[PDB]
>>> print(open('final_3.txt').read())   # compact mmCIF, C-alpha atoms and all ligand atoms
# COMPACT_ATOMS: atom_id res chain seq x y z
CA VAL X 44 35.42 142.16 -50.55
CA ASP X 45 36.03 141.13 -46.93
CA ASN X 46 34.17 144.22 -45.66
CA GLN X 47 31.18 142.12 -46.85
CA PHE X 48 31.84 140.00 -43.71
CA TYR X 49 32.00 140.58 -39.94
CA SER X 50 33.27 138.40 -37.10
CA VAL X 51 31.70 137.51 -33.75
CA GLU X 52 32.82 135.30 -30.90
CA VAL X 53 30.52 132.32 -30.29
CA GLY X 54 31.79 130.35 -27.31
CA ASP X 55 35.19 128.86 -28.06
CA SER X 56 34.95 129.67 -31.82
CA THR X 57 34.78 132.65 -34.18
CA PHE X 58 32.11 133.02 -36.86
CA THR X 59 32.92 135.27 -39.80
CA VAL X 60 29.78 135.65 -41.92
CA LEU X 61 28.13 137.89 -44.50
CA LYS X 62 26.63 141.02 -43.00
CA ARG X 63 23.16 139.95 -43.97
CA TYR X 64 23.22 137.36 -41.17
CA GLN X 65 22.47 139.02 -37.81
CA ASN X 66 22.05 138.22 -34.08
CA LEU X 67 23.81 134.83 -34.01
CA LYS X 68 22.86 132.42 -31.21
CA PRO X 69 24.58 129.02 -30.69
CA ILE X 70 22.22 126.05 -31.19
CA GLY X 71 24.59 123.12 -31.61
CA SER X 72 28.18 121.96 -31.37
CA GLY X 73 30.15 118.79 -32.06
CA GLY X 76 30.95 121.70 -36.95
CA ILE X 77 29.41 124.57 -35.00
CA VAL X 78 25.86 125.73 -35.67
CA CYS X 79 24.19 129.13 -35.04
CA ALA X 80 20.72 130.55 -35.51
CA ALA X 81 20.51 133.87 -37.23
CA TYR X 82 18.27 136.46 -38.75
CA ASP X 83 18.89 136.94 -42.49
CA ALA X 84 18.05 140.55 -43.45
CA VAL X 85 17.92 139.87 -47.21
CA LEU X 86 15.34 137.04 -47.02
CA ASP X 87 13.66 138.40 -43.90
CA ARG X 88 13.68 135.08 -42.09
CA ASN X 89 15.61 132.96 -39.65
CA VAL X 90 18.30 130.58 -40.75
CA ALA X 91 20.77 128.08 -39.37
CA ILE X 92 24.43 128.66 -40.14
CA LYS X 93 26.89 125.82 -39.95
CA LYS X 94 30.62 126.37 -39.73
CA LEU X 95 32.88 123.66 -41.20
CA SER X 96 36.33 124.29 -39.84
CA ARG X 97 39.10 122.88 -42.11
CA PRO X 98 36.88 120.11 -43.56
CA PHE X 99 39.80 118.97 -45.66
CA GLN X 100 41.81 118.27 -42.47
CA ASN X 101 41.31 114.51 -42.98
CA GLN X 102 39.71 112.20 -45.51
CA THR X 103 36.77 111.26 -43.33
CA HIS X 104 35.70 114.89 -42.71
CA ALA X 105 36.59 115.78 -46.31
CA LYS X 106 34.78 113.06 -48.20
CA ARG X 107 31.68 113.62 -46.14
CA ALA X 108 31.75 117.43 -46.54
CA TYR X 109 32.23 117.12 -50.27
CA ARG X 110 29.55 114.48 -50.87
CA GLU X 111 27.13 116.57 -48.78
CA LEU X 112 27.78 119.78 -50.84
CA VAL X 113 27.52 118.02 -54.17
CA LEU X 114 24.34 116.14 -53.17
CA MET X 115 22.60 119.34 -52.13
CA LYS X 116 22.42 120.08 -55.83
CA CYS X 117 21.36 116.55 -56.92
CA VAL X 118 18.21 116.98 -54.80
CA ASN X 119 15.40 119.48 -54.36
CA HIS X 120 12.60 118.22 -52.07
CA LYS X 121 10.77 119.73 -49.11
CA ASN X 122 11.52 116.81 -46.79
CA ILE X 123 15.35 117.04 -47.41
CA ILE X 124 17.83 119.70 -46.29
CA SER X 125 18.22 122.47 -48.82
CA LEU X 126 20.99 125.01 -48.96
CA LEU X 127 20.12 128.73 -49.10
CA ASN X 128 23.73 129.85 -49.28
CA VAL X 129 27.33 128.60 -49.21
CA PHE X 130 30.32 130.79 -48.60
CA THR X 131 33.87 131.16 -47.40
CA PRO X 132 35.31 134.37 -45.98
CA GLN X 133 38.77 133.47 -47.35
CA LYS X 134 39.72 134.97 -50.67
CA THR X 135 42.21 132.51 -52.19
CA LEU X 136 42.75 128.72 -52.34
CA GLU X 137 45.92 129.17 -50.29
CA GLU X 138 44.23 131.01 -47.40
CA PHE X 139 41.06 128.83 -47.50
CA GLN X 140 40.04 127.37 -44.11
CA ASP X 141 36.35 127.45 -43.41
CA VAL X 142 33.10 126.77 -45.19
CA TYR X 143 29.78 128.13 -43.95
CA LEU X 144 26.49 126.56 -44.94
CA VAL X 145 23.11 128.16 -44.48
CA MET X 146 19.66 126.52 -44.38
CA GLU X 147 16.22 127.41 -43.02
CA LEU X 148 16.08 127.37 -39.26
CA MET X 149 13.99 124.52 -37.86
CA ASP X 150 12.63 124.25 -34.30
CA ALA X 151 13.57 120.85 -33.01
CA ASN X 152 15.21 117.56 -33.77
CA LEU X 153 13.55 114.19 -33.38
CA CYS X 154 15.30 113.34 -30.09
CA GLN X 155 13.14 116.15 -28.54
CA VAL X 156 9.93 114.96 -30.19
CA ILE X 157 10.66 111.39 -29.02
CA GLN X 158 10.43 112.62 -25.41
CA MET X 159 6.88 113.94 -26.06
CA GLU X 160 3.59 112.03 -26.35
CA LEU X 161 2.13 112.52 -29.81
CA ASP X 162 -1.33 111.97 -31.28
CA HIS X 163 -1.58 109.54 -34.23
CA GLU X 164 -2.14 112.28 -36.78
CA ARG X 165 1.25 113.87 -35.87
CA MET X 166 3.14 110.62 -35.61
CA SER X 167 1.74 109.37 -38.91
CA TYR X 168 2.49 112.69 -40.68
CA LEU X 169 6.06 112.71 -39.42
CA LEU X 170 6.45 109.12 -40.61
CA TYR X 171 4.95 109.96 -43.98
CA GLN X 172 7.41 112.77 -44.54
CA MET X 173 10.40 110.62 -43.58
CA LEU X 174 9.28 108.04 -46.10
CA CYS X 175 8.79 110.68 -48.82
CA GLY X 176 12.28 112.04 -48.25
CA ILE X 177 13.73 108.55 -48.39
CA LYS X 178 11.86 107.67 -51.55
CA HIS X 179 13.12 110.82 -53.19
CA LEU X 180 16.68 109.92 -52.12
CA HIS X 181 16.35 106.29 -53.29
CA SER X 182 15.06 107.55 -56.65
CA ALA X 183 18.30 109.54 -57.01
CA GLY X 184 20.27 106.34 -56.21
CA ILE X 185 21.06 107.51 -52.67
CA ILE X 186 20.55 104.82 -49.97
CA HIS X 187 21.07 106.50 -46.66
CA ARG X 188 21.73 103.67 -44.15
CA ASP X 189 22.29 106.01 -41.25
CA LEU X 190 18.93 107.66 -40.40
CA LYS X 191 18.66 108.63 -36.76
CA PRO X 192 16.62 111.00 -34.58
CA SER X 193 19.57 113.46 -34.29
CA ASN X 194 19.71 114.08 -38.06
CA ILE X 195 16.00 114.72 -38.50
CA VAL X 196 14.49 118.09 -37.70
CA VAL X 197 11.01 119.44 -37.36
CA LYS X 198 9.07 122.67 -37.12
CA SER X 199 6.20 123.47 -34.78
CA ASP X 200 3.73 122.85 -37.62
CA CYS X 201 4.96 119.24 -37.84
CA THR X 202 6.89 119.65 -41.14
CA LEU X 203 10.06 117.54 -41.25
CA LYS X 204 13.45 117.45 -42.90
CA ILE X 205 16.27 114.92 -43.20
CA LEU X 206 19.54 116.75 -42.55
CA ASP X 207 22.18 114.60 -44.24
CA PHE X 208 22.77 112.12 -47.00
CA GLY X 209 24.07 109.14 -45.08
CA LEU X 210 26.96 106.81 -45.64
CA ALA X 211 28.75 106.46 -48.96
CA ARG X 212 28.65 103.35 -51.15
CA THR X 213 32.03 102.55 -49.48
CA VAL X 225 29.03 107.82 -33.32
CA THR X 226 25.50 106.51 -32.62
CA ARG X 227 24.61 103.15 -34.22
CA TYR X 228 21.34 102.02 -32.51
CA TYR X 229 19.40 102.63 -35.76
CA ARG X 230 21.56 100.65 -38.15
CA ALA X 231 20.04 97.80 -40.05
CA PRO X 232 21.03 94.15 -39.44
CA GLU X 233 22.39 93.86 -42.95
CA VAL X 234 24.68 96.83 -42.25
CA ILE X 235 25.72 95.56 -38.78
CA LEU X 236 26.54 92.15 -40.21
CA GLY X 237 28.25 93.37 -43.44
CA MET X 238 25.85 91.56 -45.79
CA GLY X 239 24.83 93.74 -48.75
CA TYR X 240 21.58 95.67 -48.90
CA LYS X 241 18.95 97.31 -50.98
CA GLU X 242 16.54 100.29 -50.61
CA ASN X 243 14.58 98.84 -47.68
CA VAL X 244 17.68 98.96 -45.48
CA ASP X 245 16.26 102.42 -44.60
CA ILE X 246 12.88 100.96 -43.47
CA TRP X 247 14.65 99.35 -40.51
CA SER X 248 15.86 102.68 -39.17
CA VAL X 249 12.43 104.24 -39.61
CA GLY X 250 11.00 101.31 -37.62
CA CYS X 251 13.59 101.88 -34.88
CA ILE X 252 12.56 105.56 -34.77
CA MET X 253 8.83 104.78 -34.84
CA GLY X 254 9.29 102.22 -32.09
CA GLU X 255 11.22 104.68 -29.96
CA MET X 256 8.56 107.41 -30.45
CA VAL X 257 6.05 104.92 -29.06
CA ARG X 258 8.11 103.43 -26.24
CA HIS X 259 10.09 106.64 -25.38
CA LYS X 260 13.15 104.36 -24.97
CA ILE X 261 15.89 103.42 -27.45
CA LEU X 262 14.93 99.99 -28.82
CA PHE X 263 18.34 98.37 -29.34
CA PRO X 264 20.86 100.19 -27.16
CA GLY X 265 24.40 98.91 -26.94
CA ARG X 266 28.00 100.04 -26.51
CA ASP X 267 29.04 98.06 -29.60
CA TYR X 268 27.61 95.90 -32.41
CA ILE X 269 27.86 92.70 -30.32
CA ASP X 270 25.62 94.27 -27.67
CA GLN X 271 23.30 95.67 -30.33
CA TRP X 272 22.89 92.38 -32.11
CA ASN X 273 22.01 90.68 -28.80
CA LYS X 274 19.37 93.30 -28.00
CA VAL X 275 17.85 92.78 -31.45
CA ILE X 276 17.41 88.96 -31.39
CA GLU X 277 16.37 88.76 -27.74
CA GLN X 278 13.39 91.03 -28.55
CA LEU X 279 12.65 90.07 -32.16
CA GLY X 280 13.84 86.45 -32.08
CA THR X 281 16.59 84.54 -33.80
CA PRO X 282 16.12 84.96 -37.58
CA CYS X 283 15.31 82.14 -40.06
CA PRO X 284 17.86 79.77 -41.71
CA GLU X 285 17.58 81.45 -45.16
CA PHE X 286 18.84 84.68 -43.54
CA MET X 287 21.74 82.92 -41.76
CA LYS X 288 22.76 81.31 -45.03
CA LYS X 289 23.27 84.79 -46.56
CA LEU X 290 25.98 85.63 -44.01
CA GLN X 291 29.74 85.24 -44.62
CA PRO X 292 31.32 82.13 -42.99
CA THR X 293 32.96 84.13 -40.19
CA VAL X 294 29.95 86.30 -39.27
CA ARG X 295 27.52 83.37 -39.69
CA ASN X 296 29.57 81.30 -37.31
CA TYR X 297 29.39 84.04 -34.71
CA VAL X 298 25.68 84.80 -35.24
CA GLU X 299 24.64 81.11 -35.28
CA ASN X 300 26.64 80.27 -32.13
CA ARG X 301 24.66 82.88 -30.19
CA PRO X 302 22.21 81.77 -27.51
CA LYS X 303 18.98 81.21 -29.41
CA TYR X 304 15.69 83.07 -28.81
CA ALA X 305 12.07 82.86 -30.00
CA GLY X 306 11.64 86.55 -29.34
CA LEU X 307 8.40 88.31 -28.42
CA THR X 308 5.30 89.22 -30.40
CA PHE X 309 4.46 92.87 -31.06
CA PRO X 310 1.59 93.20 -28.56
CA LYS X 311 4.20 92.31 -25.90
CA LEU X 312 6.95 94.51 -27.41
CA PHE X 313 4.50 97.41 -27.77
CA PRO X 314 1.68 97.00 -25.19
CA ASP X 315 -1.73 98.70 -25.62
CA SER X 316 -0.93 101.13 -22.76
CA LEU X 317 1.79 102.84 -24.83
CA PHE X 318 -0.60 104.25 -27.41
CA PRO X 319 -3.47 106.64 -27.16
CA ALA X 320 -6.46 104.34 -27.20
CA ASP X 321 -9.43 106.04 -25.50
CA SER X 322 -11.68 106.53 -28.54
CA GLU X 323 -12.54 104.15 -31.31
CA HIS X 324 -10.46 106.27 -33.70
CA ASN X 325 -7.42 105.84 -31.52
CA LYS X 326 -7.96 102.12 -30.83
CA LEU X 327 -8.03 101.42 -34.54
CA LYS X 328 -4.97 103.65 -35.22
CA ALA X 329 -3.15 101.86 -32.40
CA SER X 330 -3.55 98.39 -33.98
CA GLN X 331 -2.61 99.90 -37.39
CA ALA X 332 0.53 101.47 -35.88
CA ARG X 333 1.44 98.15 -34.29
CA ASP X 334 0.87 96.41 -37.64
CA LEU X 335 3.27 98.79 -39.50
CA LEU X 336 5.97 98.38 -36.81
CA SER X 337 5.74 94.62 -37.28
CA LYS X 338 6.39 95.00 -41.00
CA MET X 339 9.31 97.35 -40.41
CA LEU X 340 11.30 95.78 -37.57
CA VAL X 341 11.92 92.66 -39.58
CA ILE X 342 15.46 91.36 -39.49
CA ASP X 343 15.43 89.68 -42.88
CA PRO X 344 15.42 92.38 -45.58
CA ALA X 345 13.76 89.89 -47.96
CA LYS X 346 10.69 89.87 -45.68
CA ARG X 347 10.73 93.57 -44.63
CA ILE X 348 8.21 95.97 -46.17
CA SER X 349 9.48 98.33 -48.92
CA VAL X 350 9.20 102.13 -48.98
CA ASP X 351 6.42 102.10 -51.62
CA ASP X 352 4.47 99.56 -49.60
CA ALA X 353 4.90 101.54 -46.37
CA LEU X 354 3.50 104.60 -48.16
CA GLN X 355 0.43 102.52 -49.12
CA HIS X 356 -0.15 101.29 -45.58
CA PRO X 357 -3.41 102.67 -43.96
CA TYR X 358 -1.59 104.28 -41.03
CA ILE X 359 0.39 106.39 -43.50
CA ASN X 360 -1.64 106.60 -46.71
CA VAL X 361 -4.23 109.11 -45.48
CA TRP X 362 -1.50 111.72 -46.25
CA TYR X 363 -0.66 110.39 -49.73
CA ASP X 364 -0.15 113.03 -52.42
CA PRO X 365 1.45 112.21 -55.80
CA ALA X 366 3.06 115.69 -55.89
CA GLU X 367 5.08 114.96 -52.69
CA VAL X 368 5.60 111.24 -53.38
CA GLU X 369 6.54 111.24 -57.11
CA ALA X 370 8.75 114.32 -57.66
CA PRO X 371 11.56 113.98 -60.28
CA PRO X 372 15.17 112.95 -59.33
CA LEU X 380 29.09 110.14 -60.52
CA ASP X 381 32.45 109.14 -59.00
CA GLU X 382 33.43 108.26 -55.44
CA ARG X 383 37.20 108.18 -54.88
CA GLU X 384 40.17 108.60 -52.55
CA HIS X 385 42.33 111.73 -52.34
CA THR X 386 44.96 113.46 -50.22
CA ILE X 387 44.36 116.49 -48.02
CA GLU X 388 45.60 118.97 -50.59
CA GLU X 389 43.47 117.45 -53.34
CA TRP X 390 40.36 117.53 -51.08
CA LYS X 391 41.04 121.14 -50.20
CA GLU X 392 40.94 121.95 -53.93
CA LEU X 393 37.86 119.89 -54.73
CA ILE X 394 35.97 121.47 -51.86
CA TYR X 395 37.07 125.02 -52.56
CA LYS X 396 35.87 124.73 -56.15
CA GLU X 397 32.50 123.57 -54.92
CA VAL X 398 32.00 126.51 -52.56
CA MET X 399 33.16 128.95 -55.24
CA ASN X 400 31.61 127.18 -58.22
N1 LIG S 1 17.29 122.36 -30.17
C1 LIG S 1 16.85 122.80 -31.50
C2 LIG S 1 17.37 121.81 -32.53
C3 LIG S 1 17.06 122.29 -33.94
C4 LIG S 1 17.69 123.66 -34.18
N2 LIG S 1 17.39 124.10 -35.54
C5 LIG S 1 18.09 123.65 -36.56
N3 LIG S 1 17.69 123.91 -37.79
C6 LIG S 1 18.37 123.47 -38.81
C7 LIG S 1 19.53 122.75 -38.60
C8 LIG S 1 19.96 122.49 -37.32
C9 LIG S 1 21.12 121.78 -37.00
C10 LIG S 1 21.34 121.51 -35.67
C11 LIG S 1 22.48 120.83 -35.30
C12 LIG S 1 23.39 120.44 -36.26
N4 LIG S 1 23.17 120.70 -37.52
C13 LIG S 1 22.08 121.36 -37.91
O1 LIG S 1 21.91 121.62 -39.20
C14 LIG S 1 22.65 121.15 -40.22
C15 LIG S 1 22.97 119.81 -40.34
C16 LIG S 1 23.69 119.37 -41.43
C17 LIG S 1 24.09 120.25 -42.41
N5 LIG S 1 24.77 119.78 -43.45
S1 LIG S 1 26.37 119.62 -43.42
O2 LIG S 1 26.88 119.81 -44.80
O3 LIG S 1 26.93 120.64 -42.52
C18 LIG S 1 26.90 118.13 -42.82
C19 LIG S 1 26.08 117.02 -42.89
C20 LIG S 1 26.54 115.82 -42.38
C21 LIG S 1 27.80 115.74 -41.82
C22 LIG S 1 28.62 116.87 -41.76
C23 LIG S 1 28.16 118.07 -42.26
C24 LIG S 1 23.75 121.59 -42.30
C25 LIG S 1 24.13 122.51 -43.27
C26 LIG S 1 23.80 123.86 -43.13
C27 LIG S 1 23.08 124.30 -42.04
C28 LIG S 1 22.70 123.38 -41.09
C29 LIG S 1 23.03 122.04 -41.21
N6 LIG S 1 19.21 122.96 -36.33
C30 LIG S 1 17.11 124.64 -33.19
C31 LIG S 1 17.41 124.19 -31.77
>>> encode(input="final_3.txt", output="structure tokens")
Amino acid sequence: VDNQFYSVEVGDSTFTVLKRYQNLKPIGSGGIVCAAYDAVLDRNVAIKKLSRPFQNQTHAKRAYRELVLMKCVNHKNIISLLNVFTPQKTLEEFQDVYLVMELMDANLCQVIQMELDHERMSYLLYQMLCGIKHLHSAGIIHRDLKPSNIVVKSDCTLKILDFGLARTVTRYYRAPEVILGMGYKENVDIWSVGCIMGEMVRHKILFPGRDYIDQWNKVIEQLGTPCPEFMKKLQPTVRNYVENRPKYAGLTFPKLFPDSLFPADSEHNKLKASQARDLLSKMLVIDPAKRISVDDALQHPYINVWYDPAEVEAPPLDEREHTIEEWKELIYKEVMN
């Protein structure tokens, strides 16, 4: 049963996988990820090694939620699992989980460093929004979208790699309502998409900062101090702190995103430029009550040329604390079924 597996050294770690997976190359560390050729499917795959994911509750809750959710969702813009396995034979010896998905070519950090035409940028954006809408329809509100957890192929197809934060580290993309602990709804994810869109245009992180204080300052000093209605939705403590900040009017969007940042040589590109700038202005809106929704962003002219009911309207529960040993059991049952 273990002769089904072989081991190879990859850097500082050891991968022990099914024999079907061949010629492993490292493509990411931080679990460990390898590219591989899969002889049964005749295609390339990415193999992720979770080492002792039950070693603490943070690793374990995340790993478990991820595994479970991969069955609560089938959609081309979201990560899909081809295979799950462990080389260990019994609950007692169990250590590692390996997860296999289709191999993609790049993450969004890499694409952000490139200039893109409007057709590519808009298609990428459309796919993000489709994936999010599918998620929201399943009751999953992500709240942690970022360029590092989105991946693309050379043909511009896109996938979201994880399922976000639970109902209960890079933070530049987190919504104001998250950063300020204020409660949220579906369009909390529009903010992050706006941060990503804005970065793709400017080639610079919009709201960089070593901590949330820093981040909040970078947000208001560019977008302006938000309205009184927004302030009055904050808790006494946080509202105090946010209202006693140096005030700002902020800048308009032609100044935040000058005409020289876009391709605007032809009439096609001049028009798409102003339309891009319009969508940004509906997305980077501090007050969730005034921020565009996902359905409305899909209907926007910059995005809607791609619209397709098939992709947009595809069909769609406890969260609790446990010890290490209980997590190890929960997780092992999920990889074994
Ligand atoms: N420079 C290029 C970047 C893209 C690379 N191709 C590629 N294709 C697919 C996935 C990845 C990838 C890269 C780095 C880290 N993770 C990657 O993929 C995964 C992310 C999350 C996964 N889910 S998870 O359960 O492991 C997870 C999610 C969130 C937190 C913890 C664990 C993956 C599961 C199986 C296989 C790959 C997974 N990378 C090729 C090289």
>>> residues_around(input="final_3.txt", residues="residue 46 of chain X", least_positions_apart="3", cutoff="9 Å", atoms="only C-alpha atoms", output="short mmCIF file (atom, residue, chain, number, x, y, z; two decimals) with C-alpha atoms, keeping the file's coordinate frame")
data_model
loop_
_atom_site.label_atom_id
_atom_site.label_comp_id
_atom_site.auth_asym_id
_atom_site.auth_seq_id
_atom_site.Cartn_x
_atom_site.Cartn_y
_atom_site.Cartn_z
CA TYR X 49 32.00 140.58 -39.94
CA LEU X 61 28.13 137.89 -44.50
CA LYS X 62 26.63 141.02 -43.00
#
>>> closest_residue(input="final_3.txt", among="X:85, X:92, X:246, X:53", to="ligand LIG 1 (chain S)", atoms="all atoms listed in the file")
X:92
>>> atom_distance(input="final_3.txt", atom1="atom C1 of ligand LIG 1 (chain S)", atom2="atom CA of residue 150 of chain X")
5.3 Å
>>> residues_near_ligand(input="final_3.txt", ligand="ligand LIG 1 (chain S)", cutoff="6 Å", atoms="only C-alpha atoms and all ligand atoms", output="MDAnalysis selection string")
chainID X and resid 70:71 78 91:93 108 111 144:146 148:152 206:207
>>> closest_residue(input="final_3.txt", among="X:165, X:230, X:121, X:289", to="residue 252 of chain X", atoms="all atoms listed in the file")
X:230
